[PDB]
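[1] need a structure here:
(chains A, B, C, D and E, ligands or ions: 4)
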Amino acid sequence: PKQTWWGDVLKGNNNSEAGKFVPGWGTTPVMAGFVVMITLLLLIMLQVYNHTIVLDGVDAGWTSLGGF
Amino acid sequence: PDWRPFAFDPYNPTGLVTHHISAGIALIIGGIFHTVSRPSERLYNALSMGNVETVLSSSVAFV
Amino acid sequence: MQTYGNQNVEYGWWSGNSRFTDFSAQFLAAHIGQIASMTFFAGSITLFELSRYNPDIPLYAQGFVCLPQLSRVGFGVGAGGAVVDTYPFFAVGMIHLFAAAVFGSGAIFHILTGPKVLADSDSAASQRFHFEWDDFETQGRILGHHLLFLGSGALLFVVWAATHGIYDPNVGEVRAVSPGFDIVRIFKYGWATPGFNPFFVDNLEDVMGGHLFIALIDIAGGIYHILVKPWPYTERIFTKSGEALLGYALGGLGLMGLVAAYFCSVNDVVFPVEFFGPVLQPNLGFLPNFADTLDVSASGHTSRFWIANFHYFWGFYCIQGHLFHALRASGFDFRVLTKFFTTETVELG
Amino acid sequence: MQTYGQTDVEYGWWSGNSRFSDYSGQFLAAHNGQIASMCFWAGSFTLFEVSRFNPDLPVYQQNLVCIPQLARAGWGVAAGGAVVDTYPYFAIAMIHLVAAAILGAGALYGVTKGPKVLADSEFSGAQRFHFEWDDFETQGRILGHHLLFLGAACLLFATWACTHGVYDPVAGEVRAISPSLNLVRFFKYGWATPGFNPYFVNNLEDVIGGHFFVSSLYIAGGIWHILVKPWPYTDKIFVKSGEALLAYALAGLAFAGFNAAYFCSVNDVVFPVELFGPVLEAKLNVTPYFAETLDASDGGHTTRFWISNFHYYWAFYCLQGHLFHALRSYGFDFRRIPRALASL
Amino acid sequence: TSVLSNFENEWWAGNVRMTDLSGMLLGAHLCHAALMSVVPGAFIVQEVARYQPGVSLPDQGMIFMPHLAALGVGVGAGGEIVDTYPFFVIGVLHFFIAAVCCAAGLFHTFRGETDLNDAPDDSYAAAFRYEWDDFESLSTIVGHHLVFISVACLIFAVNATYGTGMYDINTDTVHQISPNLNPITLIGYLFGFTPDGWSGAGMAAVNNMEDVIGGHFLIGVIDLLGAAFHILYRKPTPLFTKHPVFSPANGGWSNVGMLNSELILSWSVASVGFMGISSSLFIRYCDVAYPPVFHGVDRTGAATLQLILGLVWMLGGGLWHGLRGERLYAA
Ligand code: CL7
Ligand SMILES: CC1=C(/C=C/C(C)=C/C=C/C(C)=C/C=C/C=C(C)/C=C/C=C(C)/C=C/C2=C[C@H](C)[C@H](O)CC2(C)C)C(C)(C)C[C@@H](O)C1
Ligand SMILES: CC1=C(/C=C/C(C)=C/C=C/C(C)=C/C=C/C=C(C)/C=C/C=C(C)/C=C/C2=C[C@H](C)[C@H](O)CC2(C)C)C(C)(C)C[C@@H](O)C1
Ligand SMILES: CC1=C(/C=C/C(C)=C/C=C/C(C)=C/C=C/C=C(C)/C=C/C=C(C)/C=C/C2=C[C@H](C)[C@H](O)CC2(C)C)C(C)(C)C[C@@H](O)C1
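    Numbering: from 1, shown residues only, chains lettered A, B, ... in the order given. Ligands and ions are numbered 1, 2, ... in the order given. Below you will find the coordinate block:
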């Protein structure tokens, strides 16, 4: 159990609050919303990549490279 | 970078920058929260956050 | 000295010259020796320069500080700044060396004559010279006598310029100069009103008048200080210690050194072009410089360059030394600086 | 300083000045030092610019800040905005350096031999100048004297402009300018009526008339504050500590700096083009800045660019410091920031 | 803190902690207004920075310049932007307003007293004491805010009619348009009774500036009268008290007319969502108030954005806070 200097610096981040949790649900409800949000985001991207969704003036193909 | 919707065109490189900026910030916030916030008993017991094997499982799925 | 609190301080040899701050005889000896060193420099360097003088090379191109100064004040310079006869320089250097020997003899005399303190010496008339680092009356008399000597020197310059003549680059040849006297023009040079700027004096007549004025002022002040004790307010303001007087003198000298450094680089009359070289220009990068204003290619630097830069540095570091000694004499010990990176306040009297 | 409740506060070297906040002699010494450094910068960089100056290239495209401002007040420019001689610049710089030396001497004195606390000085002329952070009556007279100096300087600038004359970009030379002054005009400028936008003054006569008005205002205010105590309601409104006065002063400086930066950016009568360069355009992105109407390639950046851009951020961070010190004087502890997260 | 759902003291819900703290709540609203006012000025300055004269506004993607140009700011005949400085002035003035609001919010969050119930007994600040139960207190708040909104609307109308007017779409340039004050004609739009027949989009089928300016005069006068009503009376009436409400507080309709903090918030949120949907219809169809010289012709995206926001506020926020308030009426 060497008491190095860097260990002194980092031990608080390592295991100061090890094994601690808040009871109940806590922030879990909020997390739910975030997941749903990204579940739309990714979905939209997929369809945009899939050409299911066609955004206005956004030609999902090699033609969009025009301008470089 | 441009935040107009045509940055979601996968073939236009202006999206990539626009991604790595915004997503980058999103991770920083996401970092800060997790550097401070504790888990929840419910999730902590469900996912067994005390056991590194759960981190392995989730990381392998992500990869 | 200072000796913050604790007296009887022990000084290493590196700071060993502070040991005799209380031994009046040794103090005299040290300063006579220093003046001997100065005049020895003058004479010996004059000869050292004469040895390698080239009439073909222009005077300022070769590295000199003494031949231009002698040639400026008469002393064997022909028309158009020509060094006709090189013997008077030899005579001047020789007299300086003889004076140096005299001064050094006096220095050793006092370093070995009697007691370290001039109070105890049983000469009963050398005791008239023992001083104190607290009494302002004696130091006022001393100041008066030294001012008398300075005024007598300025008078001698005035006389020698009146009779023997003196070089005038505007005239172009050694010439007697009438001593002007116009207090109005003296004060107009004091204000630096647009016509008259002190560092751009054009007529040696104005210089001579100013020197006459300076001689009068110094002699009058010397008489006044010999006769009159300092007023009480001067005891209120100034501290009475040796290091304090060193600080005052150092500040004055630093100012004078900076003034002379600026004088060299700019004025063309009192520093003629044919002897010292073309005027310099003051530059300021990190630190002030004086640019030669001439191609240093195959010509080195003019003597004016060397004089101006050396005296800028002399003046600057005399100012820094003045700050150091004033800070000590007021009571500030620099050891407290070591407490900078701690939580203890870096501050005392 | 704030020192929430606790006494005998320990300040690390990185926050060291707070230590002398409660001593008046050292306070004076520190501020003498600050103004000495300002004056020293003025003189030193006058000399520096003169040393790096070419009478050939355009003035504004050369990186300069002191020569153009000195020229704008005369002193070396004859016509067409070209610097002819350089010596008056050198003289002004030398006077500034000497004044800096004197002020720094005052500061160094205040540190060593001057009284640490003025009230404790034996001189009893020094005890006149002692002050306390909670006494608005004395600080009123201090304010009055400083306002007097400000107004005297403004009046001096006015008279120098009138008699000696300043640059006139409309005229193209140095002119002696008569003051075109009318109160109705100045209220038109204050209300920004369509013909009168105060950032777009067109005639220096109006500028100097405004300076006469401003000098009169400052002198009147100085006499008023020397003579008249602050009212009782001021005790209810304001706070009583050094940090609070620092916050007010920072707010005032931020306001002045924003006005100055915008002035430099948009006006072209006070800042003639031949000296400072073409007018700038405000541009917002993630952070504001002023950009050159003309091309900045091959010419670096004009003097106007540097001055206005620098002072915008001086003003902005002065505002941030104003907020910081105001909140500190409100008793708000910033140790709450790394503490709240610990609780969560 | 005046709530006991399950998670009152959670940091991610911490704003509820200011439910009764009047001073802190006032500060929080002021800081929020500072945000709401910073955005327009900042984005107007940013827009004017990149504005190009030759190209038209709809092709430059400006989302604040069109609304300013609709009021005759910096435009001339033919609907082309001439001078850009007045937009910059508008942005700067919004900066000023935001700075004042932020100063107030900082004062009331830290320097000011947290709870005005702790004010020093008629110290110019007990007059601002309010309670989420007594009706009289909140009545004067509603009245004064109505005063301000009414004065704003009247000012807009007066400017349009007398001073420098607005950019009239039909007349093709900026004009002081003569208002139409036929009250039956104006209030007919609310049911779709446009002069050219019934229309699906109420209030949005106006085909002339005179109708809108007359409507604004009418709204200003109505709101001023309502402001007088609420300031001068402050007393509950048999409209609020004794009206039917359906709630599980008592299963089935009841005439209680309950009052609560969450309930007031819910009504306000529903109102905002409704305004969002109405504005959605407006920008979809009404091109008198949105000249396609500036906002472009196709405007489905902005209308959809408004629709989504209106649904989120009216349905989501309104329902959530209404249900919470009704449940809290079990005290
Ligand atoms: C940036 C916003 C800001 C503004 C503009 C501002 N302050 Mg502050 N400000 C003060 C004065 C002040 C004045 C007079 C003033 C008006 O101009 C301002 N401020 C203005 C002091 C009373 C008070 C303490 C000031 C104080 O002690 O400042 C010292 C701070 C710094 C960074 C010096 C580091 C700068 C150099 C790069 C590094 C030098 C190293 C050195 C070369 C090596 C050794 C040399 C040696 C061996 C010879 C203060 C604070 C403080 C803060 C903070 C965060 C600020 N401020 C901020 C501001 C304290 O912590 C702090 C505070 O109160 O915490 C307790
Ligand atoms: C003010 C004060 C202090 C400061 C005191 C100080 C240090 C005061 C400073 C005094 C100075 C710097 C005095 C300088 C005086 C300069 C003089 C008298 C110049 C004389 C120059 C002459 C006569 C030149 C003459 C010619 C010479 C030359 C040829 C010219 O071409 C022309 C011509 C003929 C004019 C403290 C700090 C000590 C104590 C404080 O409490 C009070
Ligand atoms: C209300 C309030 C307060 C006040 C808070 C504030 C914000 C106070 C602010 C005061 C300000 C910002 C005053 C600003 C005044 C600006 C003035 C007076 C402009 C003056 C310009 C003049 C006089 C002439 C300028 C020219 C002169 C110049 C030479 C040119 O020729 C142009 C020309 C003609 C414009 C407190 C602090 C008292 C209490 C707080 O809690 C709330
Ligand atoms: C109190 C109550 C409840 C609530 C009932 C509800 C939902 C009541 C709804 C109340 C509303 C929606 C009132 C709003 C009225 C809107 C008005 C009066 C708008 C007037 C606008 C006018 C006159 C503007 C007109 C123009 C002005 C405008 C500038 C344009 O140029 C167009 C043009 C010319 C038409 C419950 C649900 C709790 C229980 C109910 O039984 C009773």
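[2] when you work out contacts or count neighbours from here on, use the C-alpha atoms and nothing else.
    OK.
[3] which parts of stretch C:84-101 are buried?
    The neighbour-count check on stretch C:84-101 (16 or more other Cα atoms under 10 Å in any protein chain shown) flags C:89, C:90, C:92, C:93, C:94, C:95, C:96, C:97, C:99, C:100, C:101 as buried.
[4] what sits closest to the fourth one if chain neighbours are left out?
    By that I understand residue C:93. In space, and not counting its chain neighbours, residue C:93 is closest to residue C:43: 3.8 Å by Cα to Cα, 6 or more residues apart in numbering or on different chains.
[5] I'd say residue E:319 and residue E:267 touch.
    No. If you go by Cα atoms under 8 Å, residue E:319 and residue E:267 don't touch, sitting 9.4 Å apart.
[6] re earlier: the residue nearest to residue C:93: what's it in contact with?
    Contacts here follow Cα atoms under 8 Å, 6 or more residues apart in numbering or on different chains; on that basis residue C:43 touches C:92, C:93, C:94, C:95, C:96, C:97.
[7] which residues touch the longest helix anywhere in chain B?
    Scanning chain B for the longest helix, with DSSP state H as the assignment, gives helix B:14-36. Residues from elsewhere that reach helix B:14-36, judged by Cα under 8 Å, 6+ apart: B:1, B:2, B:3, B:6, B:7, B:8, B:9, D:341, D:342, D:344.
[8] narrow those residues to those in helices?
    Per DSSP H, the contacts of helix B:14-36 map to helices at D:341, D:342.
[9] quick one: buried ones out of the contacts of helix B:14-36?
    With burial judged by 16+ other Cα under 10 Å, the buried subset of the contacts of helix B:14-36 is B:6, B:7, B:8, B:9.
[10] just put these in JSON lines and tack on distance to residue D:232.
    As requested, the buried ones among the contacts of helix B:14-36 are arranged in JSON lines below (distance: Cα to Cα, whole Å):
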{"residue": "B:6", "distance to residue D:232": "63"}
{"residue": "B:7", "distance to residue D:232": "62"}
{"residue": "B:8", "distance to residue D:232": "63"}
{"residue": "B:9", "distance to residue D:232": "67"}
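[11] what is the helix or strand harbouring residue D:47 packed up against?
    If you go by DSSP states H and E, residue D:47 is part of helix D:24-51. Packing contacts for helix D:24-51, counted by 3 or more Cα pairs under 8 Å, 6 or more residues apart in numbering or on different chains; DSSP states H and E, involve strand C:281-284, helix D:66-72, helix D:87-112.
[12] switch the cut-off to 10 Å
    Applying 3 or more Cα pairs under 10 Å, 6 or more residues apart in numbering or on different chains; DSSP states H and E, we find helix D:24-51 packed against strand C:281-284, strand C:288-291, helix D:66-72, helix D:87-112.
[13] how many other residues sit next to the residue nearest to residue E:128 when sequence neighbours are not counted?
    Leaving aside its chain neighbours, residue E:128 sits nearest to residue E:116 (7.4 Å; criterion: Cα to Cα, 6+ apart). Residue E:116 has 21 neighbours, counted by other Cα atoms under 10 Å in any protein chain shown.
[14] show me what contacts residue E:116?
    Listed by Cα atoms under 10 Å, 6 or more residues apart in numbering or on different chains, the contact partners of residue E:116 are E:20, E:21, E:22, E:23, E:24, E:125, E:126, E:127, E:128, E:129, E:130, E:131.
[15] tell me how far the second one lies from chain D.
    In other words, residue E:21. 18 Å (Cα to the nearest Cα, to the nearest Å).
[16] verify the contact between that residue and residue E:112 for me.
    No. Assessed by Cα atoms under 10 Å, residue E:21 is found out of contact with residue E:112, at 11.3 Å.
[17] need the longest helix for chain A.
    Chain A, longest helix under DSSP H: helix A:28-50.
[18] would you mark the buried spots in it?
    Result for helix A:28-50 [16+ other Cα under 10 Å]: buried residues A:48, A:49.
[19] near chain B at all, that helix?
    Yes. Against chain B, helix A:28-50 shows contacts by Cα under 10 Å from any Cα of the partner chain at A:28, A:44, A:45, A:48, A:49.
[20] how much space between the first one and chain D?
    Relative to chain D, residue A:28 is positioned 15 Å away (criterion: Cα to the nearest Cα).
[21] wouldn't that residue be in contact with residue B:42 here?
    Yes. With contact defined as Cα under 10 Å, residue A:28 counts as touching residue B:42 (8.6 Å).
[22] burial count for the closest residue to ligand 1 within chain B?
    Using Cα to the nearest ligand atom, residue B:32 is the residue of chain B that sits closest to ligand 1, at 22.0 Å. Counted with other Cα under 10 Å, the neighbours of residue B:32 add up to 11.
[23] now the helix or strand hosting residue D:184 - C-alpha only, PDB.
    According to DSSP H and E, residue D:184 maps onto helix D:183-191. What follows is helix D:183-191 as a C-alpha-only set of coordinates in PDB (Å, rounded to 0.1, in the frame of the first residue of the first chain):
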ATOM      1  CA  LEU D 183     -28.000  73.500 -24.400                       C
ATOM      2  CA  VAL D 184     -30.800  72.600 -26.700                       C
ATOM      3  CA  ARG D 185     -28.200  71.000 -29.000                       C
ATOM      4  CA  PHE D 186     -26.700  69.000 -26.200                       C
ATOM      5  CA  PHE D 187     -30.100  67.700 -25.100                       C
ATOM      6  CA  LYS D 188     -30.700  66.800 -28.800                       C
ATOM      7  CA  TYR D 189     -27.600  64.700 -28.600                       C
ATOM      8  CA  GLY D 190     -28.600  63.200 -25.300                       C
ATOM      9  CA  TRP D 191     -32.000  62.100 -26.700                       C
END
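[24] how about that helix: buried residues?
    Those would be D:186, D:189, for helix D:183-191 by 16+ other Cα under 10 Å.
[25] contacts for it, please.
    D:192-201, D:206-207, D:209-210, D:213.
[26] same thing but 8 Å
    Contacts of helix D:183-191 (Cα under 8 Å, 6+ apart): D:196, D:197, D:198, D:210.
[27] any idea how far it is from the chain center?
    Helix D:183-191 sits 24 Å away from the centroid of its parent chain (Cα atoms, centre = their mean, to the nearest Å).
[28] next SSE after it?
    Where DSSP H and E defines the elements, the next helix or strand beyond helix D:183-191 is helix D:204-227.
[29] quick one: buried residues of that next one?
    D:204-216, D:218-219, D:221-226.
[30] buried only: go through the contacts of helix D:183-191 for me.
    Counted by 16+ other Cα under 10 Å, the contacts of helix D:183-191 give D:196, D:198, D:210 as buried.
[31] any idea how far the residue of chain D found nearest ligand 3 is from ligand 2?
    In chain D, the residue that lies nearest ligand 3 is residue D:207 (2.9 Å; Cα to the nearest ligand atom). For residue D:207, the distance to ligand 2 equals 38 Å [Cα to the nearest ligand atom, to the nearest Å].
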